[PDB]
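*Asks:* Sequence first, structure after; it's an experimental one.
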Amino acid sequence: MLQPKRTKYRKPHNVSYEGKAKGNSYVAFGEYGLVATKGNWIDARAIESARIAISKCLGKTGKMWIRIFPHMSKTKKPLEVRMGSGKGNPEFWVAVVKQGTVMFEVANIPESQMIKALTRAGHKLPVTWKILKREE
Amino acid sequence: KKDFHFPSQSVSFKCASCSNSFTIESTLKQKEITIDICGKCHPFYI
Amino acid sequence: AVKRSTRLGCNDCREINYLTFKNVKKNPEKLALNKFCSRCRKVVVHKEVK
Amino acid sequence: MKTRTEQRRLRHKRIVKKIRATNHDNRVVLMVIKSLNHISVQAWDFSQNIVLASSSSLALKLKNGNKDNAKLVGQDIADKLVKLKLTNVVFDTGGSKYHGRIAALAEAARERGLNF
Amino acid sequence: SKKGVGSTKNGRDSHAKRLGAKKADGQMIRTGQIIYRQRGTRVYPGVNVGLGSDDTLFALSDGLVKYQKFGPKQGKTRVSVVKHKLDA
Amino acid sequence: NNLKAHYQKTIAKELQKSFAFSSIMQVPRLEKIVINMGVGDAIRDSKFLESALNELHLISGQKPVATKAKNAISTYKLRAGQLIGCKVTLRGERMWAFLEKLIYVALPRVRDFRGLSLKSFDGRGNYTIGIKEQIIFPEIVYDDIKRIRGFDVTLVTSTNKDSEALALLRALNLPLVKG
RNA sequence: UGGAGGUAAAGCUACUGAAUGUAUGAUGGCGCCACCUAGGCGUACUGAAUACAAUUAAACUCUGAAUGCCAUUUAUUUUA
RNA sequence: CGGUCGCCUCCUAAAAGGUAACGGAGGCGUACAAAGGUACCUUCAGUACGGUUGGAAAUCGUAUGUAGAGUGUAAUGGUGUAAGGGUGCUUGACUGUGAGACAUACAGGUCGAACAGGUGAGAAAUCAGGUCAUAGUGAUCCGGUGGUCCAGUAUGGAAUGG
RNA sequence: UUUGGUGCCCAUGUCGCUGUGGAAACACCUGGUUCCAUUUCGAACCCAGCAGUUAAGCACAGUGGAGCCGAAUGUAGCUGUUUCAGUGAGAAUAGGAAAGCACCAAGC
Ligand SMILES: [Mg+2]
Ligand SMILES: [Mg+2]
Ligand SMILES: [Mg+2]
Ligand SMILES: [Mg+2]
Ligand SMILES: [Mg+2]
Ligand SMILES: [Mg+2]
Ligand SMILES: [Mg+2]
Ligand SMILES: [Mg+2]
Ligand SMILES: [Mg+2]
Ligand SMILES: [Mg+2]
Ligand SMILES: [Mg+2]
Ligand SMILES: [Mg+2]
Ligand SMILES: [Zn+2]
Ligand SMILES: [Zn+2]
């Protein structure tokens, strides 16, 4: 569970996922990458599921990079509570994924395993994923 | 600066073996005070 | 509220013409300033008045 | 930490900033600069940024660095200012303490019809 | 069931001071009129412009106000009152 | 000082010839010897500091200015606004007098003056001498502070290279190991 | 046409926090020795600082618009 | 039921100003006879090297470093020759005022050129009507205190008022 | 035109490296007996003189190392109407860059 060690403010305003791609737009560490086609909020739980999936379907020498990180937190008012009396407490951490951000990249294992690995990682995420390669 | 109670007066210093009356300004007795180990009376220097 | 204010009165006509502040805990000695006096129409010593 | 000339420039900048901030009547500004050998003087105008009058030890051809020649320099600059019909001046040093040669120049200028 | 609700702790705000520019560039101005209200000198004073006990810029003579950018990397702002200077 | 004139002639000639210096004042020149006999006992035994100053006075002929710390530390009992330590900076004739008096009277009286050099220059040409005891200095009577301390005599030079500073030291015959 | 501003965007070697990989690596954990105290050789590993490549922010800014706002110039309209 | 009720700072507040919620973070009900005024002088923190006590870190010397230092305080803005530090002399932390503006339903609040009197610093120009700026505050009525060129219920006082 | 002083500017003006220079001036420098000064030091400030001096500073030529500035194209955001026309950033880049504008005194 990726989680920031400390934050200045416990309850920040949510960060919009509508728009194009600011950074993390092109594969620059590996050479195959999982691009998104639909901006959405995905939490550290989905990252861990996807990361564990990649590692289980990886080999003995493959290497992977996780680009996105759940910097922003989100709150949730307790159940059966009427509106008012302040904001709720932080519950889960979410990374902001915009349309066009490369979430996971893989390298150093043949192409078919890498294509399969990115597929299982993207089936764990809500965004509509797509495979991309690194420019020569 | 000046107007001090501790006056720097040129006092002479004698030494054993080699006399070497070195005159140096100091606020001490105005006479030939004898030092027992001077610079010239040291195995390191000579 | 706290009362750190003090009154300054002339020493010729014995009239109080100024209102200032003073810390009795820090400053133990009575003020002996010199200020303008409306009555005497000149500068004169003003001292602390109870 | 520095050399004498740099500290004098820094102090001169302080004086110039103050004068340009407070000189409301647009008086002529008499900056005198003293060196180890000689001392010169020039009357600038911060509104036009030009020099109206000038005087120097080089101009007067004297073995200067003495309090004696400062009086001669002050008399010459005050005469030139009077000819220029300007008498309301502000006097600032080049960044040196007002004393000795600087004080003599100012007093000679003041005693020759200047208003400062 | 209401289940009860917690309590909020920060609901305090101060009155908004109506700061900012008062006289725009090119506007004619008489002496003693405010040109810029600020907390700390955001706009430096120039010629014919004074300062107050609240860092408030006010005019010192008749004329047209004028802003000029100066300072390192042109990051400092300066205001002035260019006198009428009609001069026939 | 006669040795000051001797310094002038001798330092000029040897140094000028030793490095083919194109000007006589290219040779290094010594500027100021700071003495810093500082003690933190003024936090508790303020009296001690006073005596300290007088001994420092009695050694140089300049009254010592007491220095103040620029911070505050609880573990050291330090607090801002207090005077802990005196510093004296000798120049002109008095500095050369003190230098000669140190090297000729005070230093060879040191219990074991084996010396330390080469490993003392700060890389900019300075030099610090850490004295261990004050009593060894001739300008001090036996009656003194209940605690005894040392000194931090330091040196300065016109040059910025430590090697040329060492060259000046050798020309002055400052008696250290191989230097 | 002139001016005030610090938002959208973008950027984090331009700061404050958060933060990914590679390389050199303080540091500790971990050992194995000697030494009872000064330490030393490798560290399944932790990770200061630096370099390279890449990130995040209503209460981050080395930057940075458009619109809008103020004033003025010209043309037209209304006695508000 | 719990929480809050006045004032100040930032964000939400959408680059003029203004803009709400039991929205998100904090403070105030002061302090300083110097931390005010003036004249003069002066400029970081940290780090590197070198040095008795003395130690990771007290002080000293040199260099580097462009603010991470200081500016009494909660934040914001400002300010590195400044508004920060030191010294000398002082009390303008004045009297009577006040053209013109900001912001405002009102009541109140904020800035202020300039004039007269008498001062402080300074050679002079100039500056000083409290502090780097924004919180540090409560109407009216009632009664008390000091001064006073006003009244004093027939007149002179007094009482009682102004 | 060159040197020296100064104002305006506030890095395309800096930091640094390599060389050259002084006629006059600028500077270090020579001393503290005078006016003046050190929270202690004629270091600094202030005096009165130019013996020595081109290390410095200062002034010139080279140096694209650090720092700074930065075109055109394209793109993100905006305004309208479109689902296309203007407006046009930030970042990155070719590259520029060893300041510039005036006044005064001297030999020119
Ligand atoms: Mg507000
Ligand atoms: Mg944004
Ligand atoms: Mg960052
Ligand atoms: Mg209740
Ligand atoms: Mg606004
Ligand atoms: Mg708006
Ligand atoms: Mg603060
Ligand atoms: Mg003072
Ligand atoms: Mg102050
Ligand atoms: Mg009642
Ligand atoms: Mg009656
Ligand atoms: Mg040279
Ligand atoms: Zn002997
Ligand atoms: Zn009176």
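*Replies:* Everything's here; your move. Numbering: from 1, shown residues only, chains lettered A, B, ... in the order given. Ligands and ions are numbered 1, 2, ... in the order given.

*Asks:* and residue D:6, that one's in a strand?
*Replies:* No - counting by DSSP: H, G, I helix; E, B strand; the rest coil, residue D:6 falls outside a strand, being helix.

*Asks:* beta partners for the residue nearest to the spatial centre of chain E?
*Replies:* Closest to where the C-alpha atoms of chain E average out (C-alpha atoms, centre = their mean) is residue E:36, at 2.2 Å. Beta-bridge pairing for residue E:36 (DSSP bridges): residue E:21, residue E:57.

*Asks:* And for residue D:87, nearest residue in space, chain neighbours not counted?
*Replies:* Distance criterion C-beta to C-beta, 6 or more residues apart in numbering or on different chains; nearest residue to residue D:87, sequence neighbours excluded, is residue D:115 at 4.7 Å. For every residue, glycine as well, the C-beta is placed using N, CA and C.

*Asks:* Could you give the number of residues near the one you found?
*Replies:* 10 (other C-beta atoms under 10 Å in any protein chain shown).

*Asks:* Angles on the backbone of it, please.
*Replies:* Torsion angles at residue D:115 (phi, psi; degrees, to the nearest 10) stand at phi -120, psi 90.

*Asks:* Now do the contacts for it.
*Replies:* D:87, D:88, D:89 (C-beta atoms under 8 Å, 6 or more residues apart in numbering or on different chains).

*Asks:* what do you get for residue B:20?
*Replies:* B:14, B:38, B:40.

*Asks:* How about residue E:18?
*Replies:* Contacts of residue E:18 (C-beta under 8 Å, 6+ apart): residue E:37.

*Asks:* what's the spacing between it and residue E:34?
*Replies:* From residue E:18 across to residue E:34, the span is 11 Å (C-beta to C-beta, to the nearest Å).

*Asks:* Likewise for residue C:16?
*Replies:* 37 Å.

*Asks:* again, but for residue B:35
*Replies:* Taking C-beta to C-beta, one finds residue B:35 at 80 Å from residue E:34.

*Asks:* And these two? Which one has more around it.
*Replies:* residue B:35 (19 against 14).

*Asks:* The nearest residue to residue B:46 once chain neighbours are set aside: how many residues sit nearby?
*Replies:* Residue nearest to residue B:46 in three dimensions, not counting chain neighbours: residue B:40, with 6.5 Å by C-beta to C-beta, 6+ apart. Neighbourhood size, residue B:40 [other C-beta under 10 Å]: 15.

*Asks:* most neighbours, which of the contacts of residue D:115?
*Replies:* residue D:89 (20 neighbours).

*Asks:* Can I take it that that residue is in a strand?
*Replies:* Yes - assessed by three-state DSSP, residue D:89 belongs to a strand.

*Asks:* Can you get me a residue count around the residue of chain C found nearest chain A?
*Replies:* Relative to chain A, the nearest point of chain C is residue C:1 (32.9 Å; C-beta to the nearest C-beta). By the criterion of other C-beta under 10 Å, residue C:1 has 3 neighbours.

*Asks:* SS state for it?
*Replies:* Residue C:1 ends up coil, using three-state DSSP.

*Asks:* ditto for residue A:96
*Replies:* strand.

*Asks:* So what sits opposite the residue nearest to residue D:87 in the bridge?
*Replies:* Under the criterion used (DSSP bridges), residue D:115 bridges to residue D:88.

*Asks:* Is any residue of stretch D:61-80 near RNA strand H?
*Replies:* No - using C-beta under 7 Å from any atom of the strand, stretch D:61-80 never reaches RNA strand H; the gap is at least 11.7 Å.

*Asks:* The most centrally placed residue in chain C pairs with what?
*Replies:* For chain C, the residue nearest the mean C-alpha position is residue C:8 (1.7 Å; C-alpha atoms, centre = their mean). Beta bridges link residue C:8 to residue C:18, residue C:48, judged by DSSP bridges.

*Asks:* is it true that it touches residue C:19?
*Replies:* Yes - using C-beta atoms under 8 Å, residue C:8 is in contact with residue C:19, at 7.4 Å.

*Asks:* The residue of chain D found nearest ligand 14: neighbouring residues, count only.
*Replies:* For chain D, the residue closest to ligand 14 is residue D:22, as judged by C-beta to the ion, at 35.2 Å. Other residues lying near residue D:22 total 8 when counted by other C-beta under 10 Å.

*Asks:* now swap in residue A:21 and tell me
*Replies:* Quick note: residue A:21 (other C-beta under 10 Å) scores 16 neighbours.

*Asks:* Ok, residue C:32 next?
*Replies:* 11.

*Asks:* now do residue E:28
*Replies:* 12.

*Asks:* What of residue F:168?
*Replies:* 21.

*Asks:* packing partners for the strand or helix carrying it?
*Replies:* In this structure, residue F:168 sits in helix F:162-172 according to DSSP states H and E. On a contact count with 3 or more C-beta pairs under 8 Å, 6 or more residues apart in numbering or on different chains; DSSP states H and E, helix F:162-172 meets helix F:2-19.

*Asks:* doesn't residue E:64 make contact with residue E:81?
*Replies:* Yes - judged on C-beta under 8 Å, residue E:81 makes contact with residue E:64 at a distance of 7.1 Å.

*Asks:* the more surrounded of these two?
*Replies:* Per other C-beta under 10 Å, whichever of residue E:81 and residue E:64 has more neighbours is residue E:81, with 28 against 16.

*Asks:* Going by proximity to ligand 14, name the top residue of chain B.
*Replies:* Counting by C-beta to the ion, chain B gets nearest ligand 14 through residue B:3, at 45.8 Å.

*Asks:* phi, psi of that residue?
*Replies:* Dihedral angles (degrees, to the nearest 10) for residue B:3: phi 70, psi 60.

*Asks:* Around it, how many other residues sit close by?
*Replies:* Neighbours around residue B:3, by other C-beta under 10 Å: 4.

*Asks:* how far away is it from RNA strand H?
*Replies:* Distance of residue B:3 to RNA strand H, computed by C-beta to the nearest atom of the strand, to the nearest Å: 18 Å.

*Asks:* Let's check: the centremost residue of chain D is which one?
*Replies:* Geometric middle of chain D (C-alpha atoms, centre = their mean) lands on residue D:32, at 2.7 Å.

*Asks:* Parallel or antiparallel, which strands does the helix or strand containing that one pair with?
*Replies:* Using DSSP H and E, the element containing residue D:32 is strand D:28-34. Note on strand D:28-34: by DSSP bridges, its sheet partners are strand D:39-45 (antiparallel), strand D:89-93 (parallel).

*Asks:* Let me know which of these is the nearest to residue F:68.
*Replies:* Of all the strands paired with strand D:28-34, strand D:89-93 sits nearest to residue F:68, with 32.7 Å by C-beta to C-beta.
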